[PDB]
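Let me begin by presenting the structure, written as structure tokens, before commenting on it.
Note that each Cβ is placed from the backbone with ideal geometry, even for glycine, and that neighbours are counted across all protein chains shown. Bear in mind that the values in this text are calculations on the coordinates, not laboratory data.
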Amino acid sequence: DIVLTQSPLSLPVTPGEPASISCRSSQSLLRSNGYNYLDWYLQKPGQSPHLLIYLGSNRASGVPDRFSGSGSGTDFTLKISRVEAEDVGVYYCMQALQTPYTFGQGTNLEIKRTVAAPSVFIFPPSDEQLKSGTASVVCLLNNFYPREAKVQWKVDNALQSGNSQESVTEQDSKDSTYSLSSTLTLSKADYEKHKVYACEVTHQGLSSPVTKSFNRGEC
Amino acid sequence: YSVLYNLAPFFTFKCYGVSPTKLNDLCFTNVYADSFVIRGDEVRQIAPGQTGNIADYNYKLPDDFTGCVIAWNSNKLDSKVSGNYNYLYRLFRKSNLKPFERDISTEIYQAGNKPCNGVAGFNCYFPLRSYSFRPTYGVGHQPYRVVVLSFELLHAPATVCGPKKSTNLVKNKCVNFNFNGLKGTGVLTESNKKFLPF
Amino acid sequence: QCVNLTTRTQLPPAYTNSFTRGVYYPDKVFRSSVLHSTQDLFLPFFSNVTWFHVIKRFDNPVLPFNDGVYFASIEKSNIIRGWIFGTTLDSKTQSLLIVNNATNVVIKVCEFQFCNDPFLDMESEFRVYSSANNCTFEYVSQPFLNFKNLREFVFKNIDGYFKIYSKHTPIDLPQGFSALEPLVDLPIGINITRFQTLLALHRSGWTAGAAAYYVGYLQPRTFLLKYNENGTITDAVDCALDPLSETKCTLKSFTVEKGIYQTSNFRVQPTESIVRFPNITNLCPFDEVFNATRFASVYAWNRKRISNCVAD
Amino acid sequence: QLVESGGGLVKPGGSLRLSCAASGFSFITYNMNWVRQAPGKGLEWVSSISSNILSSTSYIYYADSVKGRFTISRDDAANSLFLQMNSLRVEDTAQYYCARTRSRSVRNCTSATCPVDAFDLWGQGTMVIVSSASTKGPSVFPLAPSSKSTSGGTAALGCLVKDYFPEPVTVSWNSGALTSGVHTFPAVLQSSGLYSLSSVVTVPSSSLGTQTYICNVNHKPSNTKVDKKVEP
Ligand SMILES: *[C@@H]1O[C@H](CO)[C@@H](O)[C@H](O)[C@H]1NC(C)=O
Ligand SMILES: *[C@@H]1O[C@H](CO)[C@@H](O)[C@H](O)[C@H]1NC(C)=O
Ligand SMILES: *[C@@H]1O[C@H](CO)[C@@H](O)[C@H](O)[C@H]1NC(C)=O
Ligand SMILES: *[C@@H]1O[C@H](CO)[C@@H](O)[C@H](O)[C@H]1NC(C)=O
Ligand SMILES: *[C@@H]1O[C@H](CO)[C@@H](O)[C@H](O)[C@H]1NC(C)=O
Ligand SMILES: *[C@@H]1O[C@H](CO)[C@@H](O)[C@H](O)[C@H]1NC(C)=O
């Protein structure tokens, strides 16, 4: 088909520095007329996948002038004058050859404040949850930026995978900080079989990862 | 001409051409009846020799019409609570539209020097513009329904005359008469003769 | 969708007489106990007409007919269905259609697309045309319908009116007299110069019953029509067939007494046109008198006696 | 495009009905299409159709799987679009964006190739899940405050809800009186399908022994209202 891989999207972007995202083409984007039939859509999460630049190197739909397209053929990139707090969203390049088109890969924007120290919360499961047979432990992240954070669960010096889920809140309109919830679900029989439970939080704003450990059974 | 007229909707029967009184005593051949809906004060644009947006790009009337138009206002059957943008008219064109002709061709207007291949950019816009119909508008934006009737004499013979609601005829009593449009001096006595069906 | 026929066997057309056929009412005027002479397009008496027989014989010919087509046919089990009228019989010209199924008749003058072998085929197949482009008229009326029945039809296109005369009687040409009453007037007002007969084939590949139709010419002449006491036409007399009928037409009576009579004059028609002229052509410089640079004044006009040239 | 109708639990062997609703617009002069979306990276395109004002019989643009399974229809008289589904093999999540195209003119488009300009009327508000069982009442568990991340002077406590259907849920603290330190996190999709949501609020430690904190959990589709008090 026409499946293609976009930019690796693990790009650290700071305010005051332009961000370039490039996706290539398997074949030439030339049908009928010589116009550059390539699009870019700004899919900010939550409401709608809007657009920023339509086909050609022109502007439409009231897009700010900071976003502009360049290049043709198997060469295309974007230029941003200055990233803002309202530009967060996954990216995608839309090629207008045929209606059976495939989709690329997108990731939300990354802004490096490097000043908001994360606040890590851990909550032991309640006695009612233990009686119900499901032990749910939650590791919270508060007042940290940007959204990316390596959160892992360690039990008896062993990494845990396949039982942890992460939920990322939207950017706040007051202090512009993200929040992350990491909920781990384990059976009661496996819960009483262990002694130590903890979560490790890794962020770019910390010299070392923050690890806080608690033992089950405490009031 | 006694059922389509004399009705509750307001009749904008201000037209020039055939006499309204003579309508009941006219036998036209192959009348063309077309109906369309407009917005507000566009009724004046449907006139012979009129110059306007509709009269040059949408519906051009020739120098001779041999008849006139009938228009009425309907703010109930052509309006909705939400927006009613289901009726459109052409606004952009390169050349004048021929009278008594329809050109259903919605293409990109090349207003500027740079051509557009079906993509509207800066110098290219879609000719079709949509009318705005709401019950809260004023007189200048109300939906108006206009029907056009054109009478002419073609190669087809006279077959549209009809009864025309002739109410007459009496008993004989030596009274002079008119037989089938021709006046007669005789009498309408009874007859014992047998006629063929034709 | 059209299907070509390859089972046709070539045979020359036959001929038969027209003893007492082709008479019809000139108009819708009632007459009684009179012998009225009128001038109208009439089929002459004792005139040869073309005979076509369908049985494995198929007869669907094309022959030019400006106006005045006489159609008569002995018919059983409804083999004949309809007729085709037009000028070029294609989509470029307006053509007239006559089709009747078991319900009613259908009249549709339209620019139909005609194939080479149009015919009809219980009966549920309708394959005579493919498309319609330029028409706005439609007409639907009451259905018109061993040897048992005779169907005679006369079509005339005068002053834009398609006059149709019909007569069906319970029964070669039979020896009898029947007046074809008018049936329907079509205000089409078009041009027709060709005809084509539509035929129905029974499916049992296909089988065709025994049916024959007659086609006769129409000529402008005068008849002496007789109306009885109660309005029906009894007999008709041609006024230019034989001298006895000429005397009958002149005296306005069907019986002539013994004696000498005068009817008309013996005139000899011209054969060829003879018009020549002095071969020498001289021509004139009409240019120097029409496209002249200078024209004389009104009070003193120039006069030129142009002679010995041609008037181009 | 404001609100699109059609959503709920449907069996894999059942039928689906999708309809769009919007406000006044030139709806008959646009060749709208359908676009799907995944929770991960990579969206999907369902089907495309053309308006009847540009072509007499319009244009058809189908892929292989969406020709074999999906169907589309139009009305040309109202502000609705039809997307039926006679059969469904594998369809876990489907948003079915109701976007139009930024092209009132169509040129040099055959039955299998047509360039598009832009989609600027994307629509959200519907969600379909198969094999989702039925609605289950939420269970609320209070979490004891911990004075470690917010230091000694401030303690953060919250209410955790578990095993609830569907996604929309309302969580409030002190009937909306407490607005300082409150933070509601979005839920996540579990392997069993039953969602779990968290919501915590930070309060000073001096008010733990004199003020009562009660969380209100409201679930409109299940008509469940639970008021849980949090104590250390
Ligand atoms: C039959 O018609 C032909 C004209 O085709 C004519 O010459 C001939 O005399 C006719 N025969 C009879 C017996 O009238
Ligand atoms: C006979 O022909 C007319 C003309 O189209 C049609 O409407 C009617 O249905 C036909 N009748 C039958 C029985 O097919
Ligand atoms: C044939 O079509 C043309 C154009 O469509 C029209 O002007 C003309 O009147 C039509 N012919 C008849 C006999 O109506
Ligand atoms: C009818 O058509 C024929 C040939 O198409 C032509 O010779 C004839 O002059 C036409 N008659 C009229 C009245 O147009
Ligand atoms: C008189 O006329 C009627 C119908 O017009 C007809 O049936 C009848 O036979 C006529 N009388 C005679 C004696 O023919
Ligand atoms: C008049 O006739 C002459 C002779 O053929 C020709 O040369 C000229 O062009 C015509 N017209 C005028 C305006 O002189």
>> So, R0 is 60 Å and r is the distance between the beta-carbons of C:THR193 and D:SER191; what FRET efficiency does that work out to, to 0.05?
In response: 0.10
>> With the crude spin-label approximation of a point 7 Å out along Cα→Cβ, what separation in nm comes out for A:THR5 versus B:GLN110?
In response: 4.4
> Given only helices, namely DSSP H runs of n ≥ 4 each adding -39500 (n - 2.57), what is the per-residue ellipticity at 222 nm of the protein assembly as shown, to the nearest 500 deg cm²/dmol?
Replying inline: -500 deg cm²/dmol
>> For the pair A:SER176/A:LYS193, report the inter-label distance in nm, with labels modelled 7 Å from Cα in the Cβ direction.
In response: 4.8
>> Quick check: Cα centre of the range C:235-300 to Cα centre of the range A:178-219, how many Å?
In response: 125
> Which FRET efficiency value, to the nearest 0.05, is calculated for C:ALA240 and C:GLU123 with the Förster distance at 30 angstrom and r the Cβ-Cβ distance?
Replying inline: 0.10
> Using modelled amide H (1.01 Å from N, peptide plane; none on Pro or chain starts), what sits under 5 Å from the amide H of A:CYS23, excluding residues fewer than 5 places away?
Replying inline: A:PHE76
>> Which of A:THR14, A:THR99, A:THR107 ends up with the largest GNM mean-square fluctuation for chain A, with Cα atoms connected below 10 Å?
In response: A:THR99
>> Within the range C:140-165, name every residue whose backbone N is under 17 Å away from a label modeled 7 Å from Cα of C:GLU181 along the Cβ vector.
In response: C:142-145, C:150-154, C:164-165
>> When a/c reaches 1.5 or more, the comparison of a/b and b/c decides; with that in mind, is the range D:2-130 rounded, prolate or oblate per its Cα gyration tensor?
In response: prolate
> Given H placed 1.01 Å from N in the peptide plane, which residues other than close sequence neighbours of C:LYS167 have an amide H under 5 Å from its amide H?
Replying inline: C:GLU152
>> Let me make sure I get this right: for the range C:143-289, a, b and c are the square roots of the gyration tensor eigenvalues over alpha carbons, sorted descending. Under 1.5 in a/c it's rounded, otherwise prolate if a/b > b/c, else oblate. Which is it?
In response: oblate
> Just the projected area, averaged over all directions, of the convex hull on the alpha carbon atoms of the range D:139-229: how many nm²?
Replying inline: 6.1
>> I need the calculated FRET efficiency for the pair A:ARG66 and A:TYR101, taking r as the beta carbon distance and R₀ as 35 Å, to the nearest 0.05.
In response: 0.80
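Where both residues lie in chain C, what percent of DSSP beta bridges are antiparallel, nearest 5? Don't skip to the answer; put the middle values down first.
Details: 71 of 73 bridges.
In chain C, approximately 95 percent of DSSP beta bridges are antiparallel ones.
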> Using DSSP loop states and a limit of at most 14 other Cβ atoms within 10 Å to flag GluC sites (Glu not before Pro), what is the longest stretch of chain B containing no flagged site?
Replying inline: B:1-100
> Rounded, prolate or oblate: which one fits the range B:19-123, using the alpha carbon gyration tensor with axes a ≥ b ≥ c (rounded when a/c is under 1.5, else prolate when a/b beats b/c, else oblate)?
Replying inline: oblate
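Using a 10 Å cut-off on Cβ to Cβ distances, tally the other chain neighbours for every residue of B:112-123 and report the average as a whole number.
Values: counts 0, 0, 0, 1, 4, 8, 13, 16, 6, 7, 3, 0.
Averaged over the peptide's residues, the number is 5.
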> How many nm is it between the label spots at D:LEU178 and D:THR154, if each spot is 7 Å from the Cα in line with the beta carbon?
Replying inline: 1.4
>> Using the Karplus curve 6.51 cos²θ - 1.76 cosθ + 1.60 with θ = phi - 60°, what ³J(HN,Hα) values do you get for each residue of the range C:255-270, in whole Hz, with x for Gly and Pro?
In response: 10, 10, 7, 6, x, 8, 10, 10, 10, 8, 10, 7, 10, 10, 6, x
>> Just to confirm my numbers, what's the Cα centroid distance between the range B:72-115 and the range D:119-180 in Å?
In response: 52
> List the trypsin sites (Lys or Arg not before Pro) in the range D:14-81 that DSSP assigns to loop (not H, G, I, E or B) and whose Cβ has at most 16 other Cβ atoms within 10 Å. Which are they?
Replying inline: D:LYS41, D:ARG69, D:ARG74
> If one computes P(r) from the Cα atoms of the protein assembly as shown, what percent of pairs lie at distances over 47 Å?
Replying inline: 59
